[PDB]
Amino acid sequence: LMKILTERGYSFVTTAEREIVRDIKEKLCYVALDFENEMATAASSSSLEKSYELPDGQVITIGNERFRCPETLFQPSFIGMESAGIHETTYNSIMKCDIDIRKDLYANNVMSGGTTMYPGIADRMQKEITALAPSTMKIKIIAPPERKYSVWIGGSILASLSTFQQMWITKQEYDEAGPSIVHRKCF
Amino acid sequence: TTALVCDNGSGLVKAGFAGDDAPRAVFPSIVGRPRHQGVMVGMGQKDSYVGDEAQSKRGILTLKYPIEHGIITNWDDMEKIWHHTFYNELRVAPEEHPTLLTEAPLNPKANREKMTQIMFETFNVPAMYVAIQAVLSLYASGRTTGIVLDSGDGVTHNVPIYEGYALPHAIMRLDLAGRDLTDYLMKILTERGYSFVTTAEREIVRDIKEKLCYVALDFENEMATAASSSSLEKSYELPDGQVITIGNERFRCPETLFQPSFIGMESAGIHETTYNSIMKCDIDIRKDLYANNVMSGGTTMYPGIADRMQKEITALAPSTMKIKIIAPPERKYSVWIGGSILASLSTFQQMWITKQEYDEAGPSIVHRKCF
Amino acid sequence: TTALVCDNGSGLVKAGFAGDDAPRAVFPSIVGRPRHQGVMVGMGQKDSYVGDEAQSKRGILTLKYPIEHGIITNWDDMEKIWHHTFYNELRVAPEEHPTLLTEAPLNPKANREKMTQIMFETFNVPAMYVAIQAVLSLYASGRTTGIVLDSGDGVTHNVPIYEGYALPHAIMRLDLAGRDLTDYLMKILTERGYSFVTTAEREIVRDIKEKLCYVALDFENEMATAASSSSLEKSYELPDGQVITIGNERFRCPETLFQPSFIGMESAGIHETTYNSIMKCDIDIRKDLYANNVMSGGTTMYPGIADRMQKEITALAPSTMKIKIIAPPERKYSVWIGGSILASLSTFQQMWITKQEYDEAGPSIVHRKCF
Amino acid sequence: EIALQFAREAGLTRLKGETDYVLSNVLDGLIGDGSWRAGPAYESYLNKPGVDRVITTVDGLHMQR
Ligand SMILES: Nc1ncnc2c1ncn2[C@@H]1O[C@H](COP(=O)(O)OP(=O)(O)O)[C@@H](O)[C@H]1O
Ligand SMILES: Nc1ncnc2c1ncn2[C@@H]1O[C@H](COP(=O)(O)OP(=O)(O)O)[C@@H](O)[C@H]1O
Ligand SMILES: Nc1ncnc2c1ncn2[C@@H]1O[C@H](COP(=O)(O)OP(=O)(O)O)[C@@H](O)[C@H]1O
Ligand SMILES: [Mg+2]
Ligand SMILES: [Mg+2]
């Protein structure tokens, strides 16, 4: 987004400017269902454009940068990477597992983390996987609203289950085995 | 007290109570163990799965058959299978029921010796008996004369019986059965780009064979037809949503029964085995044995197999003889039905191997009170 | 006229004239296309680079392998590779020379059909023939009895031959080969912090695997030695000048061949597959098969792999038999040498598939005059 | 049936009309319709009306695009 806001005369080069651009991305960006279709609409009219207030009072307006920034999640070719998009990575991740569990793994796409919070990303994920997946299979996306803290909530659950207090690592064990104990006890 | 009948076949296990018309529990004879390392604590994982439970979770398990070619290789797995059969499907207490068993003819004697020992020590059954599957098959059909061709999952054998007298020297046995057909289909399916290598995918091939195969009346005539048009093609849906289509593989896979040389075996086809077995009996009982062919077992459920058998036997036998092939609709469970009939006969109640007898004689008693 | 032998393997393509001792042209089987934008006009950048020119300029290309697991997937890319092989590498006209092609056993039948059609339509070759790579490996060894273990980049397969008689039912095929080892080495190298994700960076991992990996005689003793000291640590210089050091990964990566469960595969290692394939043959030829193990292919060139093979098989075979592993120094080119021998024999001149024979029966002819 | 088994598997009827005239009468005696001269019909996998690219367990560990 920093490299693309230069196209409108906006320049951000310092770390404080980095945080400012990150805030803009959090507050204005969204994932377009059809990138090619949305790109035509943005170039046709000005309904998509919004305004943001910089800390020093200047006002900036961004247009197609709203949905071109999050598109790099699906087309890593934008930043020059050869790897495939996240949807195709998820598709490949399922085809590397055993044939009898693919049906269940299609129906339980769980997504978490801040980068997953973009509006509509669940629907684009669902559409892309359905395009890749067989016609008979049911694709269901699970996006709980608190997924920004799913990892912490799961840690809270696992630290409070009774059957977990036997899977700790203790200083007495550390002294005997050294730092190498972590690979042997943890996954 | 109520008797229990347990037909521990190579592929499936049939269990129930004596005097019933059908088995109460039928589950696959597979034991499965996890092959991936567990990460989620709290749910709990058993070290092994038995029966239908192992079938449902087959995507993360390796399924091992405790019985191969009719001979129990793994005994611990068979102990778990019997544990399941006794405590989770029939919901019975073994000590309060006399149990009956089946065994393929010409098997190693150590197999039945260990069976008797296990049932008299681990489960403490009050009484037991081991029968020959072909004899029970003949009981089930209400006949006392005829030649039985029982073809199950591991063993295909012939046992001629006349007027209640068997001829042991004419009994044939051939280690060519459903599992070999499944393996051959798994090999042939690679000709169309479908590759199945894992133990879970072996079960899928088995279902394909069950639901889409048939025995052609004329093999060369059928192959020509499938090479000319697409009439014989059918499509099967894989569990993940993909679709496969099989052409002449439908009738090539079962043809191994009549041409064993496909899979590299030198033996003759089952029709020729039946003819050789009939011809080894006395000349005065061949007319009755020709006209009472009884088939039973899972491998004899391919559509059209009866007609092909009749045609082949008629081609082998003299013209003036009458060939009749008997295929009752419930032949998949003929062995268990016969076992239920035998356990409910009054005269049979004197033939049990009581614990007392076993204790005095030892596991060797199975070779005297049983045929 | 002179015959050509073209061993279009999964990783490398070998070509040359029949009767010659070594292939004239060997180049990687890669078709690459640019992944950036060409901002300089006047250079006239081409669209696809094939062969060495793809490896030299791989910094701006995406590399794609048309052959994978021995099965051609991208037919246009294969067409380009064959065109390059005929014209720019051998400088010969395909229309005037007989050609011989090689294929792995148990491939889908449609694979060789399209090969035959492409050779007989696009290149208009006068004649062609398809042989199984495993058989040609035995021709180069000057032997007429033994079991071959061919392991290249895509496919590891076994084929037992006794006195010139193959046993098709004992053929083993395993899709675990050099590409899998390269991917597993990539996945393990992230433990030391080195990251490789692009196709150009795949080739560097292949080079380090070739130049540093070795098969351990005893795996557990080798691990303890690696963790105890730094004796097994070696250094490799990356193309940009940065240097990396790898430890136990030298012998962990090739260990996958013997323990496929490392990469999640269920099948057994190569040693157990070889032992099983012998044991599916007649018992009167097992002595010769134990005595004439022949290995070939690139994945066989690891230092000390033959000793591990011998130790592993001798632990499975009976104590009385002698295990002799044959690993000739040029076994990386065994298949091509065998093909050159076969195309040069006078008695092979009647086994070609000619154009006049091709059109008559269509591309289906390849399934009869070949094996 | 035996004659047709040789024809399909081995290739007894390869010449499909210009045989030795000794093999002709023997085949003509067996099957009188004279249909063996047409040749044994074979199934061609080139066309693939039902081509079904299937990613199974093993094929899913290694693909492209
Ligand atoms: N509402 C939002 N919309 C879009 N992106 C967001 C939103 N909230 C957070 N993010 C992005 O998520 C990133 C990190 O969020 P978080 O999931 O906490 O990361 P981590 O998992 O590393 O803790 C931030 O860089 C931010 O760009
Ligand atoms: N409808 C069917 N068509 C073809 N084969 C069948 C059918 N039903 C069952 N089978 C075969 O029968 C075999 C098991 O039958 P069964 O005789 O009960 O085995 P066992 O005697 O070992 O219990 C299976 O391996 C299966 O392949
Ligand atoms: N000296 C070596 N040490 C280890 N591996 C090697 C060596 N040389 C070649 N290879 C491996 O062999 C593989 C292909 O060799 P080759 O047998 O020619 O393949 P193909 O038979 O498919 O042409 C390559 O992927 C490479 O990793
Ligand atoms: Mg049975
Ligand atoms: Mg090769």
# chains A, B, ... in the order shown; residues from 1 in each chain; ligands from 1
>>> residues_near_ligand(ligand="ligand 2", cutoff="8 Å", atoms="only C-alpha atoms and all ligand atoms", output="PDB file with C-alpha atoms, in the first residue's frame")
ATOM      1  CA  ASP B   7     -18.695 -67.240  11.378  1.00  0.00           C
ATOM      2  CA  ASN B   8     -15.301 -65.516  11.482  1.00  0.00           C
ATOM      3  CA  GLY B   9     -14.725 -65.273   7.757  1.00  0.00           C
ATOM      4  CA  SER B  10     -11.735 -63.620   6.132  1.00  0.00           C
ATOM      5  CA  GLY B  11     -13.557 -60.438   5.135  1.00  0.00           C
ATOM      6  CA  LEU B  12     -16.672 -60.124   7.293  1.00  0.00           C
ATOM      7  CA  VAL B  13     -17.682 -61.487  10.692  1.00  0.00           C
ATOM      8  CA  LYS B  14     -21.204 -62.878  11.069  1.00  0.00           C
ATOM      9  CA  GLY B  70      -8.380 -68.445   5.768  1.00  0.00           C
ATOM     10  CA  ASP B 150     -18.323 -71.968  -0.995  1.00  0.00           C
ATOM     11  CA  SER B 151     -16.315 -68.984  -2.231  1.00  0.00           C
ATOM     12  CA  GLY B 152     -15.777 -66.352   0.427  1.00  0.00           C
ATOM     13  CA  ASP B 153     -13.185 -63.631   0.870  1.00  0.00           C
ATOM     14  CA  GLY B 154     -10.058 -65.755   1.210  1.00  0.00           C
ATOM     15  CA  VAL B 155     -10.724 -69.376   0.249  1.00  0.00           C
ATOM     16  CA  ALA B 177     -11.151 -65.445  -3.630  1.00  0.00           C
ATOM     17  CA  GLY B 178     -12.516 -61.944  -3.201  1.00  0.00           C
ATOM     18  CA  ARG B 179      -9.366 -60.329  -1.839  1.00  0.00           C
ATOM     19  CA  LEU B 181     -10.019 -60.025  -7.109  1.00  0.00           C
ATOM     20  CA  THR B 182      -9.782 -56.725  -5.231  1.00  0.00           C
ATOM     21  CA  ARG B 206     -13.725 -53.310  -2.856  1.00  0.00           C
ATOM     22  CA  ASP B 207     -16.929 -51.260  -2.920  1.00  0.00           C
ATOM     23  CA  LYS B 209     -16.103 -54.230  -7.299  1.00  0.00           C
ATOM     24  CA  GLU B 210     -19.176 -55.024  -5.207  1.00  0.00           C
ATOM     25  CA  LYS B 211     -21.376 -52.447  -6.932  1.00  0.00           C
ATOM     26  CA  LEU B 212     -20.219 -52.488 -10.574  1.00  0.00           C
ATOM     27  CA  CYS B 213     -18.825 -55.922 -11.512  1.00  0.00           C
ATOM     28  CA  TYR B 214     -20.472 -58.885 -13.227  1.00  0.00           C
ATOM     29  CA  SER B 296     -22.771 -69.882  -1.236  1.00  0.00           C
ATOM     30  CA  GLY B 297     -20.590 -67.064  -0.012  1.00  0.00           C
ATOM     31  CA  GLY B 298     -19.958 -63.467  -0.943  1.00  0.00           C
ATOM     32  CA  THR B 299     -17.893 -64.145  -4.051  1.00  0.00           C
ATOM     33  CA  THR B 300     -20.872 -65.988  -5.564  1.00  0.00           C
ATOM     34  CA  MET B 301     -22.978 -62.800  -5.633  1.00  0.00           C
ATOM     35  CA  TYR B 302     -21.675 -61.450  -8.932  1.00  0.00           C
ATOM     36  CA  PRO B 303     -24.659 -61.138 -11.296  1.00  0.00           C
ATOM     37  CA  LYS B 332     -24.287 -64.709   1.291  1.00  0.00           C
ATOM     38  CA  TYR B 333     -25.322 -65.902   4.766  1.00  0.00           C
TER      39      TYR B 333
END
>>> interface_residues(of="chain D", to="chain A", cutoff="9 Å", atoms="only C-alpha atoms", output="ChimeraX atom specification")
/D:55-63,65
>>> select_by_dssp(residues="range 253-347 of chain B", states="strand (DSSP E)", output="PyMOL selection string")
chain B and resi 293-296+325-326
>>> residues_around(residues="residue 113 in chain B", least_positions_apart="6", cutoff="12 Å", atoms="only C-alpha atoms", output="list in words")
residues 72, 103, 107, 119, 120, 129, 130, 358, 361, 362, 363, 364, 365, 366, 367, 368 and 370 of chain B
>>> interface_residues(of="chain C", to="chain D", cutoff="10 Å", atoms="only C-alpha atoms", output="PyMOL selection string")
chain C and resi 64-66+68-69+73-74+108-114+117+174-176+179-180+183+263-266+361-365+367-369
>>> write_last_selection(atoms="C-alpha atoms", output="short mmCIF file (atom, residue, chain, number, x, y, z; two decimals), in the first residue's frame")
data_model
loop_
_atom_site.label_atom_id
_atom_site.label_comp_id
_atom_site.auth_asym_id
_atom_site.auth_seq_id
_atom_site.Cartn_x
_atom_site.Cartn_y
_atom_site.Cartn_z
CA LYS C 64 8.11 -26.29 -14.96
CA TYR C 65 8.66 -30.03 -15.32
CA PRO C 66 6.46 -31.58 -18.03
CA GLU C 68 6.20 -36.04 -13.45
CA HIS C 69 5.95 -39.42 -11.68
CA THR C 73 1.23 -33.96 -17.88
CA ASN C 74 1.85 -30.96 -20.17
CA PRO C 108 -1.60 -45.44 -17.71
CA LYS C 109 -2.08 -46.79 -21.21
CA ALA C 110 -3.09 -43.41 -22.62
CA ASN C 111 0.43 -42.17 -21.85
CA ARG C 112 2.16 -44.27 -24.51
CA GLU C 113 -0.71 -43.79 -26.97
CA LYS C 114 -0.06 -40.06 -27.21
CA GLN C 117 0.74 -40.46 -32.04
CA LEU C 174 6.63 -46.83 -6.05
CA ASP C 175 6.24 -43.09 -6.61
CA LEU C 176 9.07 -42.08 -4.28
CA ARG C 179 12.03 -35.07 -6.64
CA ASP C 180 10.47 -36.21 -3.38
CA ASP C 183 11.23 -31.49 -1.60
CA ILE C 263 7.09 -37.79 3.86
CA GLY C 264 3.71 -39.16 4.96
CA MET C 265 3.63 -42.07 2.51
CA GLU C 266 2.33 -45.40 3.80
CA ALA C 361 -4.34 -50.16 -36.63
CA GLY C 362 -4.20 -46.65 -35.22
CA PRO C 363 -2.31 -45.69 -32.07
CA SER C 364 -3.73 -48.77 -30.34
CA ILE C 365 -0.96 -50.86 -31.93
CA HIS C 367 -0.19 -52.15 -26.70
CA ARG C 368 0.55 -55.31 -28.72
CA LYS C 369 3.98 -55.07 -30.34
#
>>> interface_residues(of="chain A", to="chain B", cutoff="10 Å", atoms="only C-alpha atoms", output="list in words")
residues 97, 98, 99, 100, 101, 102, 103, 104, 106, 133, 134, 135, 136, 137, 138, 158, 161, 162, 163, 164, 167, 186 and 187 of chain A
>>> write_last_selection(atoms="C-alpha atoms", output="mmCIF file, in the first residue's frame")
data_model
loop_
_atom_site.group_PDB
_atom_site.id
_atom_site.type_symbol
_atom_site.label_atom_id
_atom_site.label_comp_id
_atom_site.auth_asym_id
_atom_site.auth_seq_id
_atom_site.Cartn_x
_atom_site.Cartn_y
_atom_site.Cartn_z
ATOM 1 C CA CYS A 97 -4.172 -35.378 2.939
ATOM 2 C CA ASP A 98 -5.852 -38.760 2.765
ATOM 3 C CA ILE A 99 -8.824 -39.163 0.442
ATOM 4 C CA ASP A 100 -11.331 -40.145 3.123
ATOM 5 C CA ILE A 101 -11.055 -36.895 5.118
ATOM 6 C CA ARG A 102 -11.271 -34.392 2.258
ATOM 7 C CA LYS A 103 -15.055 -34.179 2.621
ATOM 8 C CA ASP A 104 -14.791 -33.089 6.245
ATOM 9 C CA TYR A 106 -13.948 -28.873 2.939
ATOM 10 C CA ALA A 133 -13.374 -27.948 -5.372
ATOM 11 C CA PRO A 134 -15.523 -30.718 -6.879
ATOM 12 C CA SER A 135 -19.109 -29.766 -7.647
ATOM 13 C CA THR A 136 -20.671 -32.225 -5.192
ATOM 14 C CA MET A 137 -18.721 -31.083 -2.136
ATOM 15 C CA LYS A 138 -20.059 -28.434 0.250
ATOM 16 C CA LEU A 158 -5.766 -25.369 26.587
ATOM 17 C CA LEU A 161 -8.055 -28.229 30.606
ATOM 18 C CA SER A 162 -7.341 -30.792 33.310
ATOM 19 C CA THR A 163 -5.592 -33.216 30.949
ATOM 20 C CA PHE A 164 -2.950 -30.577 30.109
ATOM 21 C CA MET A 167 2.358 -31.715 29.411
ATOM 22 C CA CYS A 186 6.500 -30.038 22.113
ATOM 23 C CA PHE A 187 5.245 -30.266 18.547
#
>>> residues_around(residues="residue 12 in chain D", least_positions_apart="3", cutoff="10 Å", atoms="only C-alpha atoms", output="VMD selection string")
chain D and resid 3 to 9 15 to 16 19 23 36 39 to 40
>>> closest_residue(among="C:172, C:189, C:125, C:295", to="chain B", atoms="only C-alpha atoms")
C:172
>>> interface_residues(of="chain B", to="chain C", cutoff="9 Å", atoms="only C-alpha atoms", output="count of residues only")
16
>>> select_by_dssp(residues="range 286-330 of chain C", states="helix (DSSP H, G or I)", output="PyMOL selection string")
chain C and resi 286-291+298-300+305-314
>>> residues_around(residues="residue 54 in chain C", least_positions_apart="6", cutoff="9 Å", atoms="only C-alpha atoms", output="PyMOL selection string")
chain C and resi 28+30-33+48+61+63
>>> residues_near_ligand(ligand="ligand 1", cutoff="9 Å", atoms="only C-alpha atoms and all ligand atoms", output="number ranges by chain")
A: 22-23, 25-30, 70, 112-119, 147-151
>>> atom_distance(atom1="CA of residue 325 in chain C", atom2="CA of residue 293 in chain C")
5.0 Å
